[PDB]
file coords-v3.txt (compact mmCIF, N, CA and C atoms)
# COMPACT_ATOMS: atom_id res chain seq x y z
N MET A 1 121.45 -162.06 -11.95
CA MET A 1 121.24 -160.70 -11.45
C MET A 1 120.45 -159.83 -12.43
N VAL A 2 119.19 -159.58 -12.10
CA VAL A 2 118.31 -158.79 -12.96
C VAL A 2 118.15 -157.39 -12.38
N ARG A 3 118.09 -156.39 -13.25
CA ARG A 3 117.81 -155.01 -12.84
C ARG A 3 116.98 -154.35 -13.92
N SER A 4 116.00 -153.54 -13.54
CA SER A 4 115.14 -152.94 -14.55
C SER A 4 115.13 -151.41 -14.44
N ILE A 5 115.03 -150.74 -15.58
CA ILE A 5 115.07 -149.29 -15.63
C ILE A 5 113.82 -148.74 -16.31
N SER A 6 113.62 -147.44 -16.18
CA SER A 6 112.60 -146.74 -16.94
C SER A 6 113.27 -145.87 -17.99
N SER A 7 112.46 -145.26 -18.85
CA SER A 7 112.92 -144.24 -19.79
C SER A 7 114.08 -144.63 -20.72
N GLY A 8 115.24 -144.01 -20.50
CA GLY A 8 116.37 -144.04 -21.42
C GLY A 8 116.79 -145.33 -22.11
N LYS A 9 117.56 -145.18 -23.19
CA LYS A 9 117.93 -146.31 -24.04
C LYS A 9 119.15 -147.10 -23.58
N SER A 10 120.15 -146.43 -23.03
CA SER A 10 121.36 -147.16 -22.63
C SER A 10 121.62 -147.09 -21.13
N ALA A 11 121.92 -148.25 -20.53
CA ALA A 11 122.18 -148.29 -19.09
C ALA A 11 123.66 -148.52 -18.81
N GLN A 12 124.26 -147.63 -18.03
CA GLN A 12 125.69 -147.75 -17.75
C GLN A 12 126.02 -147.87 -16.27
N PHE A 13 126.94 -148.78 -15.97
CA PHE A 13 127.38 -149.04 -14.60
C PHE A 13 128.84 -148.67 -14.48
N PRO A 14 129.21 -147.96 -13.41
CA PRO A 14 130.62 -147.65 -13.17
C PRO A 14 131.33 -148.65 -12.25
N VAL A 15 132.60 -148.94 -12.55
CA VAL A 15 133.41 -149.87 -11.77
C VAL A 15 134.65 -149.16 -11.19
N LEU A 16 135.18 -149.68 -10.09
CA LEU A 16 136.31 -149.04 -9.40
C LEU A 16 137.54 -149.94 -9.24
N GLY A 17 138.71 -149.31 -9.16
CA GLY A 17 139.97 -150.00 -9.35
C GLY A 17 140.64 -150.70 -8.17
N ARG A 18 140.56 -150.10 -6.98
CA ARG A 18 141.25 -150.60 -5.77
C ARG A 18 142.76 -150.33 -5.75
N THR A 19 143.28 -149.89 -4.61
CA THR A 19 144.65 -149.38 -4.52
C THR A 19 145.70 -150.30 -3.88
N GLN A 20 146.95 -149.82 -3.86
CA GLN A 20 148.08 -150.55 -3.29
C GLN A 20 148.97 -149.64 -2.45
N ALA A 21 149.22 -150.03 -1.20
CA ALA A 21 149.91 -149.18 -0.23
C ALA A 21 151.41 -149.01 -0.49
N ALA A 22 152.07 -148.25 0.38
CA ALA A 22 153.50 -147.96 0.22
C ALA A 22 154.15 -147.46 1.52
N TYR A 23 155.49 -147.49 1.56
CA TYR A 23 156.25 -146.97 2.69
C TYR A 23 156.56 -145.50 2.49
N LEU A 24 156.74 -144.78 3.59
CA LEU A 24 157.10 -143.37 3.54
C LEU A 24 158.37 -143.08 4.35
N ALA A 25 159.40 -142.61 3.65
CA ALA A 25 160.67 -142.23 4.27
C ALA A 25 160.44 -141.04 5.19
N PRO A 26 161.21 -140.95 6.29
CA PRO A 26 161.07 -139.82 7.22
C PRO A 26 161.49 -138.51 6.59
N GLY A 27 160.79 -137.43 6.93
CA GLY A 27 161.06 -136.12 6.39
C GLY A 27 160.97 -136.05 4.87
N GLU A 28 159.97 -136.72 4.30
CA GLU A 28 159.83 -136.78 2.85
C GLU A 28 158.38 -136.60 2.38
N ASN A 29 158.24 -136.15 1.14
CA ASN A 29 156.94 -135.90 0.53
C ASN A 29 156.16 -137.17 0.23
N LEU A 30 154.85 -137.15 0.50
CA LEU A 30 154.00 -138.28 0.18
C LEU A 30 153.25 -138.00 -1.12
N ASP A 31 152.89 -136.74 -1.33
CA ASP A 31 152.07 -136.37 -2.47
C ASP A 31 152.84 -136.53 -3.77
N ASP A 32 154.16 -136.59 -3.66
CA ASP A 32 155.00 -136.76 -4.84
C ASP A 32 154.87 -138.15 -5.46
N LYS A 33 154.69 -139.17 -4.63
CA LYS A 33 154.51 -140.53 -5.12
C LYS A 33 153.14 -141.11 -4.79
N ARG A 34 152.20 -140.93 -5.72
CA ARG A 34 150.83 -141.37 -5.53
C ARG A 34 150.19 -141.74 -6.87
N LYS A 35 149.43 -142.84 -6.88
CA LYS A 35 148.70 -143.24 -8.08
C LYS A 35 147.22 -143.28 -7.78
N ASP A 36 146.42 -142.69 -8.67
CA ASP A 36 144.98 -142.69 -8.50
C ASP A 36 144.39 -144.07 -8.75
N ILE A 37 143.08 -144.20 -8.51
CA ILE A 37 142.37 -145.47 -8.66
C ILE A 37 142.02 -145.79 -10.13
N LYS A 38 142.15 -144.78 -10.99
CA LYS A 38 141.85 -144.88 -12.43
C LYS A 38 140.65 -145.76 -12.73
N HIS A 39 139.51 -145.41 -12.16
CA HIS A 39 138.32 -146.23 -12.30
C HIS A 39 137.58 -145.91 -13.59
N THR A 40 137.21 -146.97 -14.31
CA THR A 40 136.53 -146.86 -15.60
C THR A 40 135.20 -147.62 -15.52
N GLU A 41 134.27 -147.31 -16.41
CA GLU A 41 132.95 -147.93 -16.35
C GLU A 41 132.63 -148.76 -17.58
N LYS A 42 131.52 -149.49 -17.50
CA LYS A 42 131.04 -150.28 -18.63
C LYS A 42 129.50 -150.27 -18.76
N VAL A 43 129.04 -150.39 -20.00
CA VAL A 43 127.66 -150.09 -20.36
C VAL A 43 126.98 -151.21 -21.14
N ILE A 44 125.71 -151.47 -20.82
CA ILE A 44 124.91 -152.37 -21.63
C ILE A 44 123.75 -151.60 -22.26
N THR A 45 123.43 -151.97 -23.50
CA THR A 45 122.43 -151.28 -24.27
C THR A 45 121.12 -152.04 -24.25
N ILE A 46 120.02 -151.31 -24.15
CA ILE A 46 118.71 -151.91 -24.36
C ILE A 46 118.70 -152.34 -25.81
N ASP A 47 117.89 -153.35 -26.13
CA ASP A 47 117.98 -153.95 -27.45
C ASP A 47 116.94 -153.44 -28.43
N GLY A 48 115.78 -154.09 -28.46
CA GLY A 48 114.71 -153.71 -29.37
C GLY A 48 113.44 -154.49 -29.06
N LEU A 49 112.56 -154.58 -30.05
CA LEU A 49 111.28 -155.25 -29.87
C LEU A 49 111.32 -156.74 -30.20
N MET B 1 100.00 -196.11 -24.25
CA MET B 1 99.22 -194.89 -24.40
C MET B 1 97.80 -195.25 -24.81
N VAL B 2 97.53 -196.55 -24.86
CA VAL B 2 96.26 -197.12 -25.31
C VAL B 2 95.00 -196.37 -24.88
N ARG B 3 94.17 -196.03 -25.87
CA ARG B 3 92.79 -195.62 -25.62
C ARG B 3 91.83 -196.38 -26.53
N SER B 4 90.58 -196.50 -26.09
CA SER B 4 89.57 -197.26 -26.82
C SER B 4 88.80 -196.35 -27.76
N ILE B 5 88.44 -196.88 -28.92
CA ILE B 5 87.61 -196.15 -29.87
C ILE B 5 86.43 -197.00 -30.31
N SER B 6 85.37 -196.35 -30.79
CA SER B 6 84.20 -197.08 -31.26
C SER B 6 84.00 -196.89 -32.76
N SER B 7 83.12 -197.70 -33.33
CA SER B 7 82.65 -197.56 -34.71
C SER B 7 83.72 -197.39 -35.80
N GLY B 8 84.14 -196.14 -36.01
CA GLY B 8 84.99 -195.77 -37.14
C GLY B 8 86.21 -196.63 -37.38
N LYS B 9 86.69 -196.67 -38.62
CA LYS B 9 87.76 -197.60 -38.98
C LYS B 9 89.14 -197.16 -38.54
N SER B 10 89.46 -195.88 -38.72
CA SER B 10 90.79 -195.40 -38.38
C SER B 10 90.73 -194.21 -37.43
N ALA B 11 91.84 -193.90 -36.76
CA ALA B 11 91.86 -192.76 -35.85
C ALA B 11 93.12 -191.91 -35.99
N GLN B 12 92.95 -190.60 -36.13
CA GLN B 12 94.09 -189.73 -36.35
C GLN B 12 94.30 -188.74 -35.22
N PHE B 13 95.57 -188.46 -34.95
CA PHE B 13 95.98 -187.52 -33.92
C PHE B 13 96.69 -186.35 -34.59
N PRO B 14 96.21 -185.12 -34.33
CA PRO B 14 96.81 -183.89 -34.85
C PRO B 14 98.06 -183.50 -34.07
N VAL B 15 99.12 -183.08 -34.77
CA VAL B 15 100.38 -182.73 -34.11
C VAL B 15 100.78 -181.26 -34.31
N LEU B 16 100.79 -180.50 -33.22
CA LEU B 16 101.10 -179.07 -33.26
C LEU B 16 102.57 -178.78 -33.55
N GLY B 17 102.85 -177.57 -34.01
CA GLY B 17 104.20 -177.13 -34.27
C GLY B 17 104.80 -176.38 -33.09
N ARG B 18 105.82 -175.57 -33.36
CA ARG B 18 106.56 -174.89 -32.31
C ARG B 18 107.08 -173.54 -32.80
N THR B 19 106.77 -172.48 -32.05
CA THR B 19 106.96 -171.11 -32.52
C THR B 19 108.39 -170.58 -32.39
N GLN B 20 108.72 -169.60 -33.22
CA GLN B 20 110.00 -168.90 -33.15
C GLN B 20 109.76 -167.40 -33.10
N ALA B 21 110.65 -166.67 -32.44
CA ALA B 21 110.48 -165.22 -32.25
C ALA B 21 111.43 -164.40 -33.12
N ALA B 22 111.26 -163.08 -33.11
CA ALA B 22 112.01 -162.18 -33.99
C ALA B 22 112.04 -160.73 -33.50
N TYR B 23 112.63 -159.85 -34.30
CA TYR B 23 112.65 -158.42 -33.99
C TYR B 23 111.72 -157.61 -34.90
N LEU B 24 111.00 -156.66 -34.31
CA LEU B 24 110.19 -155.74 -35.10
C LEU B 24 110.93 -154.42 -35.18
N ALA B 25 111.70 -154.24 -36.25
CA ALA B 25 112.43 -153.00 -36.47
C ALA B 25 111.45 -151.83 -36.49
N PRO B 26 111.90 -150.65 -36.03
CA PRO B 26 110.99 -149.49 -35.94
C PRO B 26 110.50 -149.04 -37.31
N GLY B 27 109.19 -149.03 -37.49
CA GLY B 27 108.60 -148.63 -38.76
C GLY B 27 108.47 -149.78 -39.74
N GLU B 28 108.68 -151.00 -39.25
CA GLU B 28 108.54 -152.18 -40.11
C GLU B 28 107.16 -152.82 -40.00
N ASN B 29 106.59 -153.18 -41.14
CA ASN B 29 105.32 -153.89 -41.17
C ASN B 29 105.47 -155.28 -40.59
N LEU B 30 104.50 -155.68 -39.78
CA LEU B 30 104.55 -156.95 -39.08
C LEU B 30 104.15 -158.09 -40.01
N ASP B 31 103.27 -157.80 -40.96
CA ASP B 31 102.66 -158.84 -41.78
C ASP B 31 103.62 -159.66 -42.64
N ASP B 32 104.55 -158.99 -43.32
CA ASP B 32 105.47 -159.68 -44.20
C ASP B 32 106.44 -160.59 -43.44
N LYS B 33 106.69 -160.25 -42.18
CA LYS B 33 107.65 -160.98 -41.35
C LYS B 33 107.05 -162.27 -40.79
N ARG B 34 105.73 -162.31 -40.68
CA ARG B 34 105.01 -163.43 -40.08
C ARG B 34 105.21 -164.76 -40.79
N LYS B 35 105.55 -165.79 -40.03
CA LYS B 35 105.63 -167.14 -40.57
C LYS B 35 104.79 -168.10 -39.74
N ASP B 36 104.01 -168.93 -40.41
CA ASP B 36 103.00 -169.77 -39.76
C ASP B 36 103.57 -170.90 -38.92
N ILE B 37 102.85 -171.24 -37.85
CA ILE B 37 103.12 -172.47 -37.11
C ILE B 37 102.45 -173.61 -37.85
N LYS B 38 103.24 -174.50 -38.44
CA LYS B 38 102.66 -175.61 -39.19
C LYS B 38 102.34 -176.76 -38.26
N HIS B 39 101.12 -177.29 -38.38
CA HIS B 39 100.75 -178.51 -37.66
C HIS B 39 100.28 -179.61 -38.61
N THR B 40 100.77 -180.83 -38.39
CA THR B 40 100.54 -181.93 -39.32
C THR B 40 99.98 -183.17 -38.63
N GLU B 41 98.94 -183.73 -39.24
CA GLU B 41 98.22 -184.87 -38.69
C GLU B 41 99.04 -186.15 -38.79
N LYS B 42 98.67 -187.13 -37.98
CA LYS B 42 99.32 -188.45 -37.98
C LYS B 42 98.33 -189.54 -37.56
N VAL B 43 98.11 -190.51 -38.44
CA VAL B 43 96.99 -191.44 -38.27
C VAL B 43 97.34 -192.90 -38.00
N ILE B 44 96.75 -193.45 -36.95
CA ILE B 44 96.82 -194.88 -36.67
C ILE B 44 95.61 -195.60 -37.25
N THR B 45 95.90 -196.56 -38.12
CA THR B 45 94.87 -197.34 -38.78
C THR B 45 94.81 -198.72 -38.17
N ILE B 46 93.62 -199.18 -37.81
CA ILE B 46 93.47 -200.52 -37.24
C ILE B 46 93.72 -201.57 -38.31
N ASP B 47 94.22 -202.72 -37.89
CA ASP B 47 94.34 -203.86 -38.78
C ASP B 47 93.65 -205.02 -38.11
N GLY B 48 92.59 -205.52 -38.74
CA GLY B 48 91.78 -206.57 -38.15
C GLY B 48 91.48 -207.71 -39.11
N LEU B 49 91.26 -208.90 -38.56
CA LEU B 49 91.32 -209.10 -37.12
C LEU B 49 92.11 -210.36 -36.75
N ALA C 1 103.71 -154.32 -46.86
CA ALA C 1 104.95 -153.79 -47.41
C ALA C 1 105.81 -153.15 -46.32
N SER C 2 106.03 -151.85 -46.44
CA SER C 2 106.76 -151.11 -45.42
C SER C 2 106.12 -149.74 -45.26
N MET C 3 106.34 -149.12 -44.11
CA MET C 3 105.70 -147.84 -43.80
C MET C 3 106.69 -146.67 -43.82
N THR C 4 106.22 -145.51 -44.26
CA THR C 4 107.06 -144.32 -44.30
C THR C 4 106.41 -143.19 -43.52
N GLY C 5 107.17 -142.13 -43.26
CA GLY C 5 106.68 -141.01 -42.48
C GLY C 5 106.44 -141.44 -41.04
N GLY C 6 107.43 -142.11 -40.48
CA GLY C 6 107.26 -142.77 -39.21
C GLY C 6 107.17 -141.86 -38.00
N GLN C 7 107.66 -140.63 -38.13
CA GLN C 7 107.84 -139.75 -36.97
C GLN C 7 108.73 -140.49 -35.98
N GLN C 8 110.00 -140.59 -36.33
CA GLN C 8 110.97 -141.24 -35.46
C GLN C 8 111.38 -140.27 -34.37
N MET C 9 111.14 -140.65 -33.11
CA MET C 9 111.45 -139.78 -31.99
C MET C 9 112.96 -139.71 -31.78
N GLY C 10 113.67 -140.66 -32.37
CA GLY C 10 115.12 -140.62 -32.44
C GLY C 10 115.57 -140.02 -33.76
N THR C 11 116.85 -140.19 -34.08
CA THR C 11 117.47 -139.63 -35.29
C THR C 11 117.52 -138.11 -35.24
N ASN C 12 118.68 -137.54 -35.55
CA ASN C 12 118.88 -136.11 -35.42
C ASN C 12 117.94 -135.28 -36.30
N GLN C 13 117.72 -135.74 -37.53
CA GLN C 13 116.84 -135.07 -38.51
C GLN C 13 116.90 -133.54 -38.41
N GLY C 14 118.11 -133.03 -38.19
CA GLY C 14 118.31 -131.60 -38.06
C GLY C 14 118.83 -131.00 -39.36
N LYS C 15 118.79 -129.68 -39.44
CA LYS C 15 119.23 -128.96 -40.64
C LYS C 15 120.64 -129.35 -41.06
N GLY C 16 120.76 -129.87 -42.28
CA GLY C 16 122.05 -130.12 -42.89
C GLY C 16 122.96 -131.13 -42.20
N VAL C 17 122.47 -131.77 -41.15
CA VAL C 17 123.24 -132.84 -40.52
C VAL C 17 123.38 -133.96 -41.55
N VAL C 18 124.53 -134.64 -41.53
CA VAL C 18 124.81 -135.70 -42.49
C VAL C 18 123.75 -136.80 -42.35
N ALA C 19 123.41 -137.45 -43.46
CA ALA C 19 122.45 -138.55 -43.46
C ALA C 19 122.81 -139.53 -42.36
N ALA C 20 122.20 -139.33 -41.20
CA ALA C 20 122.66 -139.93 -39.96
C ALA C 20 122.42 -141.44 -39.85
N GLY C 21 123.47 -142.15 -39.46
CA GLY C 21 123.34 -143.53 -39.05
C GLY C 21 122.67 -143.53 -37.69
N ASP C 22 122.29 -144.71 -37.21
CA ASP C 22 121.51 -144.85 -35.98
C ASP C 22 120.17 -144.14 -36.09
N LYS C 23 119.10 -144.90 -36.30
CA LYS C 23 117.76 -144.35 -36.27
C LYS C 23 117.38 -144.08 -34.82
N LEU C 24 118.24 -144.53 -33.90
CA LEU C 24 117.92 -144.53 -32.48
C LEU C 24 118.77 -143.56 -31.64
N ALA C 25 119.86 -143.07 -32.21
CA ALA C 25 120.70 -142.08 -31.53
C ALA C 25 119.89 -140.83 -31.16
N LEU C 26 120.48 -139.98 -30.31
CA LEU C 26 119.82 -138.81 -29.72
C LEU C 26 118.96 -139.21 -28.49
N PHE C 27 119.22 -140.39 -27.94
CA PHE C 27 118.63 -140.79 -26.66
C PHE C 27 119.67 -140.85 -25.56
N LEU C 28 119.40 -140.12 -24.48
CA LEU C 28 120.26 -140.09 -23.31
C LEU C 28 120.49 -141.48 -22.73
N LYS C 29 121.68 -141.71 -22.19
CA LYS C 29 121.97 -142.96 -21.50
C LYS C 29 121.94 -142.75 -19.99
N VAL C 30 120.99 -143.39 -19.31
CA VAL C 30 120.85 -143.22 -17.87
C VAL C 30 121.73 -144.22 -17.10
N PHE C 31 121.99 -143.95 -15.83
CA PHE C 31 122.88 -144.80 -15.05
C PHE C 31 122.11 -145.60 -14.01
N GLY C 32 122.51 -146.86 -13.82
CA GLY C 32 121.73 -147.81 -13.05
C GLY C 32 121.76 -147.66 -11.54
N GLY C 33 122.96 -147.53 -10.99
CA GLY C 33 123.13 -147.41 -9.55
C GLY C 33 123.88 -148.60 -8.99
N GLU C 34 124.44 -149.38 -9.90
CA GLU C 34 125.00 -150.68 -9.56
C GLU C 34 126.52 -150.67 -9.45
N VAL C 35 127.08 -149.56 -8.97
CA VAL C 35 128.53 -149.42 -8.82
C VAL C 35 129.15 -150.68 -8.20
N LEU C 36 130.32 -151.08 -8.69
CA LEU C 36 130.89 -152.37 -8.30
C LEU C 36 132.23 -152.26 -7.55
N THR C 37 132.30 -152.92 -6.40
CA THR C 37 133.35 -152.69 -5.40
C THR C 37 134.71 -153.35 -5.68
N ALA C 38 134.67 -154.54 -6.28
CA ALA C 38 135.83 -155.41 -6.55
C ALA C 38 136.28 -156.20 -5.31
N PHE C 39 135.30 -156.56 -4.49
CA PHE C 39 135.45 -157.53 -3.39
C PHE C 39 136.30 -157.10 -2.20
N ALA C 40 136.06 -157.75 -1.07
CA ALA C 40 136.58 -157.33 0.22
C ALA C 40 138.08 -157.56 0.39
N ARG C 41 138.62 -158.54 -0.33
CA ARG C 41 140.05 -158.89 -0.28
C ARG C 41 140.46 -159.59 1.04
N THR C 42 139.49 -159.80 1.93
CA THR C 42 139.68 -160.54 3.19
C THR C 42 140.96 -160.20 3.96
N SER C 43 141.57 -161.23 4.52
CA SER C 43 142.86 -161.15 5.20
C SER C 43 143.23 -162.57 5.60
N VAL C 44 144.20 -162.69 6.51
CA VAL C 44 144.50 -163.96 7.17
C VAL C 44 145.40 -163.63 8.36
N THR C 45 145.78 -164.63 9.15
CA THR C 45 146.42 -164.39 10.44
C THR C 45 145.53 -163.49 11.30
N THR C 46 146.07 -162.34 11.72
CA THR C 46 145.34 -161.38 12.55
C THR C 46 144.59 -162.07 13.69
N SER C 47 145.35 -162.50 14.69
CA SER C 47 144.92 -163.30 15.85
C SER C 47 145.17 -164.81 15.66
N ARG C 48 145.99 -165.14 14.67
CA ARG C 48 146.46 -166.50 14.50
C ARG C 48 147.80 -166.66 15.20
N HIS C 49 148.56 -165.57 15.28
CA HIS C 49 149.87 -165.58 15.93
C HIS C 49 149.98 -164.41 16.91

call {"tool": "encode", "arguments": {"input": "coords-v3.txt", "output": "structure tokens"}}
result
Amino acid sequence: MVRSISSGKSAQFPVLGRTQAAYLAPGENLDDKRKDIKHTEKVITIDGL
Amino acid sequence: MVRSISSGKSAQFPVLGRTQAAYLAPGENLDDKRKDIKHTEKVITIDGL
Amino acid sequence: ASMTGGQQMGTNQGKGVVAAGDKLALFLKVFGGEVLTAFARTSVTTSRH
């Protein structure tokens, strides 16, 4: 997998986490029990001549 | 690999080398870093007859 | 030998900044566009029974 850029020195790609479902009791809060995707990224640096 | 030759007593074949690459640090002179591709001859001498 | 007065487009070279490491820092890092999904996760059954 090749990709090419112009200009800048460092190229960074973001990655995403993917979630997991749950049951909801009747007459109860959903927003109280929730976890975000906590997505973090990773970067490759251009090298030199 | 046989080939025919005329007149002369012996026959030599030149053998090329093989290059290697490097980094040119920013502001670095290219000349001092340069290393030659060495090529060395190799001779088949007839034995007669 | 080596060359001086390079006019390095990088390096902070600002007033009183500490003798900076990275001759290449002060370059923005651009983003590629290659966000990554973490796969479809498929399924099974769903019209098997």

call {"tool": "residues_around", "arguments": {"input": "coords-v3.txt", "residues": "stretch 1-13 of chain C", "least_positions_apart": "6", "cutoff": "10 Å", "atoms": "only C-alpha atoms", "output": "compact mmCIF listing (two decimals) with N, CA and C atoms, in the frame of the given file"}}
result
# COMPACT_ATOMS: atom_id res chain seq x y z
N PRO B 26 111.90 -150.65 -36.03
CA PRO B 26 110.99 -149.49 -35.94
C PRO B 26 110.50 -149.04 -37.31
N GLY B 27 109.19 -149.03 -37.49
CA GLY B 27 108.60 -148.63 -38.76
C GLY B 27 108.47 -149.78 -39.74
N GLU B 28 108.68 -151.00 -39.25
CA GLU B 28 108.54 -152.18 -40.11
C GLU B 28 107.16 -152.82 -40.00
N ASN B 29 106.59 -153.18 -41.14
CA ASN B 29 105.32 -153.89 -41.17
C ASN B 29 105.47 -155.28 -40.59
N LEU B 30 104.50 -155.68 -39.78
CA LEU B 30 104.55 -156.95 -39.08
C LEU B 30 104.15 -158.09 -40.01
N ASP B 31 103.27 -157.80 -40.96
CA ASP B 31 102.66 -158.84 -41.78
C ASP B 31 103.62 -159.66 -42.64
N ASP B 32 104.55 -158.99 -43.32
CA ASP B 32 105.47 -159.68 -44.20
C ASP B 32 106.44 -160.59 -43.44
N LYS B 33 106.69 -160.25 -42.18
CA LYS B 33 107.65 -160.98 -41.35
C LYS B 33 107.05 -162.27 -40.79
N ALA C 19 123.41 -137.45 -43.46
CA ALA C 19 122.45 -138.55 -43.46
C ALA C 19 122.81 -139.53 -42.36
N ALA C 20 122.20 -139.33 -41.20
CA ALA C 20 122.66 -139.93 -39.96
C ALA C 20 122.42 -141.44 -39.85
N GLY C 21 123.47 -142.15 -39.46
CA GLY C 21 123.34 -143.53 -39.05
C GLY C 21 122.67 -143.53 -37.69
N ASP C 22 122.29 -144.71 -37.21
CA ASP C 22 121.51 -144.85 -35.98
C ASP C 22 120.17 -144.14 -36.09
N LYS C 23 119.10 -144.90 -36.30
CA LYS C 23 117.76 -144.35 -36.27
C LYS C 23 117.38 -144.08 -34.82
N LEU C 24 118.24 -144.53 -33.90
CA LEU C 24 117.92 -144.53 -32.48
C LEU C 24 118.77 -143.56 -31.64
N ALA C 25 119.86 -143.07 -32.21
CA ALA C 25 120.70 -142.08 -31.53
C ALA C 25 119.89 -140.83 -31.16
N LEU C 26 120.48 -139.98 -30.31
CA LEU C 26 119.82 -138.81 -29.72
C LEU C 26 118.96 -139.21 -28.49
N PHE C 27 119.22 -140.39 -27.94
CA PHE C 27 118.63 -140.79 -26.66
C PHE C 27 119.67 -140.85 -25.56

call {"tool": "closest_residue", "arguments": {"input": "coords-v3.txt", "among": "B:13, B:25, B:18, B:6", "to": "chain A", "atoms": "all atoms listed in the file"}}
result
B:25

call {"tool": "closest_atom_pairs", "arguments": {"input": "coords-v3.txt", "of": "chain C", "to": "chain A", "cutoff": "6.5 Å", "atoms": "only N, CA and C atoms", "output": "Markdown table"}}
result
| residue | atom | partner | partner_atom | distance |
| --- | --- | --- | --- | --- |
| C:27 | C | A:9 | N | 5.4 |
| C:28 | C | A:9 | N | 4.7 |
| C:29 | CA | A:10 | C | 4.2 |
| C:30 | N | A:10 | C | 4.2 |
| C:31 | CA | A:12 | N | 4.3 |
| C:32 | N | A:12 | C | 4.4 |
| C:33 | N | A:13 | CA | 5.9 |
| C:34 | C | A:13 | CA | 5.5 |
| C:35 | CA | A:14 | C | 4.5 |
| C:36 | N | A:14 | C | 4.4 |
| C:37 | C | A:16 | C | 5.7 |
| C:38 | N | A:16 | C | 6.2 |

call {"tool": "select_by_dssp", "arguments": {"input": "coords-v3.txt", "residues": "chain A", "states": "strand (DSSP E)", "output": "PyMOL selection string"}}
result
chain A and resi 10-14+41-45

call {"tool": "atom_distance", "arguments": {"input": "coords-v3.txt", "atom1": "atom C of residue C:17", "atom2": "atom CA of residue A:49"}}
result
27.1 Å

call {"tool": "interface_residues", "arguments": {"input": "coords-v3.txt", "of": "chain B", "to": "chain A", "cutoff": "7 Å", "atoms": "all atoms listed in the file", "output": "list in words"}}
result
residues 22, 23, 24 and 25 of chain B

call {"tool": "atom_distance", "arguments": {"input": "coords-v3.txt", "atom1": "atom CA of residue C:42", "atom2": "atom CA of residue A:42"}}
result
25.6 Å

call {"tool": "atom_distance", "arguments": {"input": "coords-v3.txt", "atom1": "atom CA of residue C:40", "atom2": "atom CA of residue A:37"}}
result
15.9 Å

call {"tool": "build_atoms", "arguments": {"input": "coords-v3.txt", "residues": "stretch 1-12 of chain A", "atoms": "N, CA, C and O atoms", "output": "short mmCIF file (atom, residue, chain, number, x, y, z; two decimals), in the coordinates of the input"}}
result
data_model
loop_
_atom_site.label_atom_id
_atom_site.label_comp_id
_atom_site.auth_asym_id
_atom_site.auth_seq_id
_atom_site.Cartn_x
_atom_site.Cartn_y
_atom_site.Cartn_z
N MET A 1 121.45 -162.06 -11.95
CA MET A 1 121.24 -160.70 -11.45
C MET A 1 120.45 -159.83 -12.43
O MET A 1 120.97 -159.39 -13.46
N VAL A 2 119.19 -159.58 -12.10
CA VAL A 2 118.31 -158.79 -12.96
C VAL A 2 118.15 -157.39 -12.38
O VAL A 2 118.11 -157.22 -11.16
N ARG A 3 118.09 -156.39 -13.25
CA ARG A 3 117.81 -155.01 -12.84
C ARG A 3 116.98 -154.35 -13.92
O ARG A 3 117.22 -154.57 -15.09
N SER A 4 116.00 -153.54 -13.54
CA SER A 4 115.14 -152.94 -14.55
C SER A 4 115.13 -151.41 -14.44
O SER A 4 115.22 -150.87 -13.34
N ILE A 5 115.03 -150.74 -15.58
CA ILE A 5 115.07 -149.29 -15.63
C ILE A 5 113.82 -148.74 -16.31
O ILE A 5 113.06 -149.49 -16.92
N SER A 6 113.62 -147.44 -16.18
CA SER A 6 112.60 -146.74 -16.94
C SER A 6 113.27 -145.87 -17.99
O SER A 6 114.49 -145.76 -18.02
N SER A 7 112.46 -145.26 -18.85
CA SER A 7 112.92 -144.24 -19.79
C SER A 7 114.08 -144.63 -20.72
O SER A 7 113.92 -145.48 -21.59
N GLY A 8 115.24 -144.01 -20.50
CA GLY A 8 116.37 -144.04 -21.42
C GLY A 8 116.79 -145.33 -22.11
O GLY A 8 116.46 -146.42 -21.67
N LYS A 9 117.56 -145.18 -23.19
CA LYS A 9 117.93 -146.31 -24.04
C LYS A 9 119.15 -147.10 -23.58
O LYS A 9 119.19 -148.32 -23.72
N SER A 10 120.15 -146.43 -23.03
CA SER A 10 121.36 -147.16 -22.63
C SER A 10 121.62 -147.09 -21.13
O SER A 10 121.58 -146.02 -20.52
N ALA A 11 121.92 -148.25 -20.53
CA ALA A 11 122.18 -148.29 -19.09
C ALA A 11 123.66 -148.52 -18.81
O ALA A 11 124.25 -149.48 -19.31
N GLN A 12 124.26 -147.63 -18.03
CA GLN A 12 125.69 -147.75 -17.75
C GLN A 12 126.02 -147.87 -16.27
O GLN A 12 125.45 -147.17 -15.43
#
